[PDB]
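The numbers here are math on the coordinates, done by the rules we state, and not lab data. For neighbour counting, all protein chains shown are included, and Cβ atoms are generated from backbone atoms with ideal geometry for every residue, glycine included.
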Number of protein chains: 4
Amino acid sequence: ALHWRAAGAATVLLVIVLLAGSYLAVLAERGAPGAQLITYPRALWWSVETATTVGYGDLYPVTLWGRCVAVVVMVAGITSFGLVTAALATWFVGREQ
Amino acid sequence: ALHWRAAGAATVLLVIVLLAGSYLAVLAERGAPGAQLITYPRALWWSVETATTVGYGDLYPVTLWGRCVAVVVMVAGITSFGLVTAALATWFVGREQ
Amino acid sequence: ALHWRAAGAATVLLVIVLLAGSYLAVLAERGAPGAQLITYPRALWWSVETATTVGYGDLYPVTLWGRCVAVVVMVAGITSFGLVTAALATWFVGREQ
Amino acid sequence: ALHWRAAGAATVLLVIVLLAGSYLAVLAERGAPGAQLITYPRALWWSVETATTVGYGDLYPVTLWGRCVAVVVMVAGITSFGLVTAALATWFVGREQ
Ligand SMILES: [K+]
Ligand SMILES: [K+]
Ligand SMILES: [K+]
């Protein structure tokens, strides 16, 4: 189909974004007055919180670039998740018959 | 129906996730350099904030596992709530006649 | 209509929740080891952040009850806003002709 | 069309809100007991976090007005993003034929 397949697949996109932003924000903060976004195994848990947009505050970028990577990893979530909602929004309309 | 019943019921699923993650993240952090996620009556209020994805920051996991439980209790919310939006999105289309 | 009127009106409901939770969480925290949720003009800005679910962390309840009021003022937002999305989701389908 | 064009365009609205709230919250906090919302290049990253509603906590307004600008820059996001979800919700229904 699409509405049901454009989603199940997109997520496989967000996950890339995560791992992508993770091992990129680090190399953007690793050397500077910034928080623990100086470790790959740390950026991960950050990508996730950011992507889910929960913002624990426990971690965040301070590097101009690191902040960019944040924005990206953000929409990725607001978006990657939106589709899943879209998918469901129609699969509830697919019961109009 | 479905669109209107697949929701009212799913929530009864998220609530399980809460209580589920609550009394699981604790036993994952209870003994370690981590925050108050060392008390069941505390993990709760955390499951909720996390699930609603508000991330007060007042509490969060530091245990690799405790972080997993977080992720889970997270989607549960982004999702459990999405349906409710889906439900409503169609119940507004159910006025096309 | 509905999809377009059930929303514009619901918000007038959330706003009540705000002012409602505001001047209720205070009288729940006002006298205790809790944060500034001890002032009505402060609970407001909290209801808002909470309702929008942004969780600055700058403020939060510590009173068991105050935490309840939080939950409420939370869904109110996840929900009150969901409808508005629902409304829009259909007003985009109302262009199928 | 609309559902697909009312979105791609709205965002160009939120971005204005950002830059708009950015260089406005500052001049509202710049001179007071408030956080770094005293620098334009700082308010930005705040508008974004706020707009995405992630609330890192790293920054927030304390000025009554600065708090207003927050609210605004908030809905702008909850809303500007909602449409995009709406758009997608229908573009999944546009496969009912
Ligand atoms: K959020
Ligand atoms: K948040
Ligand atoms: K926070």
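Rounded to the nearest 20 debye, what is the charge dipole size of the protein assembly as shown about its Cα centre when +1 sits on each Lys and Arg Cβ and -1 on each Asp and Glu Cβ? It would help to have the intermediate numbers written out before the result.
Working: 20 positive and 16 negative charges, 49 e Å.
For this selection, approximately 240 debye.
Sorted shortest first, the distances from the residue C:30 label point to those of the same residue in the other copies are 3.9, 3.9, 5.5 nm; each point sits 7 Å from Cα along Cα-to-Cβ. Once the Cα-Cα distance is subtracted from the 0.36 nm per residue extended length, the residue A:12 to residue A:30 segment shows a gain of 3.8 nm.
Report, to the nearest 10°, how far helix B:5-29 tilts away from the longest principal axis of the Cα atoms in chain B, using its own Cα long axis and a range of 0 to 90°. That works out to roughly 10 degrees. The equivalent ellipsoid of the protein assembly as shown has semi-axes of 31, 24, 24 Å, largest first, where each one is the square root of 5 times an eigenvalue of the Cα gyration tensor.
Shown for residue B:64: label points 7 Å from Cα along the beta-carbon vector, and their distances to the equivalent points in the other copies, 3.7, 3.7, 5.3 nm in ascending order.
Global dimensions of chain D from alpha-carbon coordinates: Rg and Dmax equal 16.0, 60 Å.
For an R0 of 41 angstrom, estimate the FRET efficiency from the Cβ-Cβ distance between residue A:19 and residue D:95 and round to the nearest 0.05.
Numbers: r = 31 Å, r/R0 = 0.76.
About 0.85, to the nearest 0.05.
Tell me, what is the percent relative contact order of chain B, built from C-alpha pairs under 8 Å that lie six or more residues apart? Reported relative contact order: 34 percent. Between helix D:64-90 and chain D there is an angle of about 10 degrees, using the helix long axis and the longest principal axis of the Cα atoms. Between helix D:40-52 and chain D there is an angle of about 40 degrees, using the helix long axis and the longest principal axis of the Cα atoms. Note on chain A: helix-only mean residue ellipticity at 222 nm, from DSSP H runs of 4+ residues weighted -39500 (n - 2.57) and normalised by residue number, equals -23500 deg cm²/dmol. Between copies, the label points of residue D:19, set 7 Å from Cα on the Cα→Cβ line, lie 3.7, 3.7, 5.2 nm apart, reported in increasing order to one decimal in nanometres.
Think of chain D as having a plus end and a minus end, set by charges on the Cβ of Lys, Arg, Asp and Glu; of D:91, D:28, D:16, D:16 sits farthest toward the positive end of this dipole.
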